[PDB]
Amino acid sequence: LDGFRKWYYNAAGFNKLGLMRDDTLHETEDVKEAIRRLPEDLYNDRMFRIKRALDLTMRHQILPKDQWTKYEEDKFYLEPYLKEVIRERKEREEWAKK
Amino acid sequence: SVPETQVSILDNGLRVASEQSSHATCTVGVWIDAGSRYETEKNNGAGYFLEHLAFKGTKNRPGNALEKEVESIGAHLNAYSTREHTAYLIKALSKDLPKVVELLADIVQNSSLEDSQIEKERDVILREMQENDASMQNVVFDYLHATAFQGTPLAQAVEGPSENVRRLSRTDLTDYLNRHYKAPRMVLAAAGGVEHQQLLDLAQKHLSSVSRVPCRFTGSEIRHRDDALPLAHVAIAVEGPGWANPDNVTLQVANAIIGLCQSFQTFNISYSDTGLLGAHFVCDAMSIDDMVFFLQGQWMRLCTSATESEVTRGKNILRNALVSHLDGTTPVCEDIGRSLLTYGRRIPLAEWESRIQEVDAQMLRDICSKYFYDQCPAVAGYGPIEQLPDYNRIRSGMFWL
Amino acid sequence: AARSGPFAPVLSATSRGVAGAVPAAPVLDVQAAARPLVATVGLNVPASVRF
Amino acid sequence: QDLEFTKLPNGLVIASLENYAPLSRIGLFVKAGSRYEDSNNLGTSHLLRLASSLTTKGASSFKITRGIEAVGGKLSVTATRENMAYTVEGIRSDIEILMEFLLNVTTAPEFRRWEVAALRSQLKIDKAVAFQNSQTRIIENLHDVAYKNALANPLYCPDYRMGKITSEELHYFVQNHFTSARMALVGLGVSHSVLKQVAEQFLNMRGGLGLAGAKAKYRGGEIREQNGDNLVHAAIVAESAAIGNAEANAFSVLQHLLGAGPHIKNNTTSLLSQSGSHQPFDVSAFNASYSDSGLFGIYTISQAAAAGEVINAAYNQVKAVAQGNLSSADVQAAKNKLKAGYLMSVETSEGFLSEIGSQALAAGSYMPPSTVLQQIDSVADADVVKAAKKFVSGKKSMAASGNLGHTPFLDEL
């Protein structure tokens, strides 16, 4: 399962643009709240990575293979911050339900 | 376990009410059923100007020697006037209970209005009014009262128009004093470390001399546009039920549900079988209309769809707030004086709790539909109020399609 | 002048008249005295000054 | 019965009184005022005071707000230069979760960075609302010119420090001053046992004595700020006694002799107020005593033009009291005013809870209202005179604001 997940990570292809996994999340309301709660350095790296991926998609290029994002290396930075947004979101929802 | 408020009555009709408690300081006050509602537009500032003159000396205690006495025991002397009630209250120690009562007796009868003082208090009152305009929310609530009770004695303010203030004389005052200070319309209320029998004996000794002898809600709006002010104050109200109508309690729970504008306050002002129930908010010009829309939706919501839980919230909120027992002596008595003047009796907190717990969501939305839905409001705006909607838009926001 | 030394532009001000930039250099709803300050704030009750 | 005060072995004071009130109040008192900051973390106590509804380790923000408003209870924070007090009140059937919320807020905050970044704008708004009146600004200026290090720190955050207060500063302040030896948990309308039992779930984390605060040093100085207000709010104070010293009382009797504000809703209510008078002006005596130092002086509001001699007249009156020119009936009336003010301050429930709280942190003991009465009586005429001479001689500190073209200076005063 670990090797097949690495193969699927190579087949997804966002590592060839230098992106992380959390860069590829669709910005819903909860995702934008989690992005707003990021520290300044992580937010700046995320915006630069997104801008570089957009430039590479503009020129129809990819990064060199040494510059790709290694599956093992990818960091799920937004995840911790996101869970909270969802948790808080649900708590609020439940309160209203009841 | 809250001690009951015991009420006695002298021949004069002055109900002497007291509610003893451990606290060693007491708040002894006199309430009088006399306000701007009893004035007839020729003496529109008589109660206010008498409230200024009442501490400037009596016949027995001429001038500042009187207030020297209330400095000597370290007591605090306060007075206020509303559209329906006037109160003169003293916070003191328990052991100074007799002299305080005697002091209050002078303040209600045997009072002396010095002509010299009359000019000095006229300049005080005139000037304060000349600067009172500064307080916007007071201007907005006076405008709301005027446009809601057009043509009635409830439109006119407590202070009165500068005109009357300048044009007032001892005899006029004497009249208001001799007319609206009757013994059956007076309550001697005491709260805190007082004994009821001692207070009754003191009321028999002094104060036993006091002589024994509708409104129409015009739904409309007043707007004072002045664009130089930084913030806008808007009050919207409908007709209230009055003091004696129990659904007030339910309406209070509704206010506790409401509790977008920088400041949003709900009010239920009650007078004798009338009142103003509504909301006052103070906002920047470019937000005003949105506030109004917000506010009307809430009201409409309660009238349209209100859950069980929020009701519980209001019930509880009101409960804690309604809690006044041992909140403060000044409050405690204030409640005794108003309860004997309005209800004719002191409603205990257990009866308030029973009337709160009988309120559910169905009767709350029924009473809110009775008092808010499809009613013509009174609107009073002051400040940059151009984006404040006119009467058709507010009236259309008073119901849902 | 002579007294200026290196503090002239500090003891003197010169408007350009006719011949870093300024870095972009509110309103709240509105006596007694001498009771030491004790500021209070609350979750529900609005904050206040007890001057 | 009466209050009960067990001292726990980790230093926490527990005080309880069960009077079977329908609404019961529970407060927690910490020696963590603004005097414990230095020049590197100014305004941290203001953000800590405004950060009482932030997601705590135990409870999320939504709950800490919706749960207190669900039962209709109240959570408030009152802060002086020495002490902070977090108070909750509500129906007896909901004070268990009210103590859960309050003790979570006191003991285990999280101080998330996005929450404090949202709170700094509220900090600016709260400071503007607080400085909407002239007294607050002139007392803050008076403390800043009167003291050097400790009590000179403002209650409200400075303008440059907004945007600069971090989560780490709040965490450091809490970890260095919210320890059990500086805390008293006081409950009116509750059983002592539960307070003892709610003192174990929390208030057990930090058992230290906290990072003690520097000794406050007097500096003197007069600051005048032209602000335009027609009224020149001027406060002239000097160093006075600490809370505990007997001299303290003497200074309280001295302010009630000189005038402590009006007692009527406005004349001949003060030796000061009496000292000629043909204009609108307010004059009172100011006294603020903290556990190491005190400030006593005069406070004047007046028309700019007369601002001078009015201040001089007030000063001259105190000099008369420094020369023994007083009567025993005046001192007896001052004692009666002071004791009536104390009894009316403790007659309310929240004032009673604050008093017990303060006494706890200050002396660890409860002083029955009665005891105080006889101690105030202890103050005698000469004692009052003595405190006066202290003010009349000690270096003064002056904070002035308004149109100060005719406001005198300290070397002229």
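In order, the residues displayed for chain B correspond to 44-256, 267-312, 337-478 in Swiss-Prot numbering, which applies throughout.
This entry, so its header tells us, was determined using electron microscopy, 3.6 Å.
Just so it is clear, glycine is given a Cβ too, placed from its N, Cα and C backbone atoms.
Following the DSSP three-state reduction, the secondary structure of B:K111 (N6-acetyllysine) is helix. There are 13 other Cβ atoms within 10 Å of the Cβ belonging to B:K111 (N6-acetyllysine). Look at Swiss-Prot and you will find B:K111 (among others) tagged as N6-acetyllysine.
Summarising the annotation, Swiss-Prot assigns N6-acetyllysine to B:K138 (among others) and lists a large-scale study or a structure entry as the type of evidence. Taking the Cβ of B:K138 (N6-acetyllysine) as centre and 10 Å as the limit, one finds 12 other Cβ atoms among all the protein chains shown.
Positions annotated as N6-acetyllysine by Swiss-Prot, on the basis of a large-scale study or a structure entry: B:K163 (among others). Neighbour count (other Cβ atoms within 10 Å of the Cβ, all protein chains): 13 for B:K163 (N6-acetyllysine).
The feature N6-succinyllysine is assigned by Swiss-Prot to B:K163, with a large-scale study or a structure entry given as support. Mapped onto three states, the DSSP output places B:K163 (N6-acetyllysine) in helix.
DSSP gives B:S212 (phosphoserine) a coil state; it is part of no helix or strand. Taken from Swiss-Prot, the feature phosphoserine applies to B:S212.
The phosphothreonine annotation in Swiss-Prot covers B:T214, and the record cites similarity to another entry as its basis. Non-local neighbourhood of B:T214 (phosphothreonine): empty, since no residue in the same chain at least six residues away has a C-beta under 8 Å from its C-beta.
Long-range Cβ proximity for B:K248 (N6-acetyllysine), meaning a same-chain Cβ under 8 A and a gap of 6 or more residues, is found for none. Annotated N6-acetyllysine per Swiss-Prot: B:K248 (among others), in sequence order.
Candidate modified residues: B:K111, B:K163, B:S212. Nearest to B:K138 (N6-acetyllysine) by Cα distance: B:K111. Here the modified residues are B:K111, B:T214, B:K248, and the ones sitting under 8 angstroms from chain D, going by CB atoms, are B:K111. Spacing of B:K163 (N6-acetyllysine) relative to B:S212 (phosphoserine) is 13 Å (Cα to Cα, whole number).
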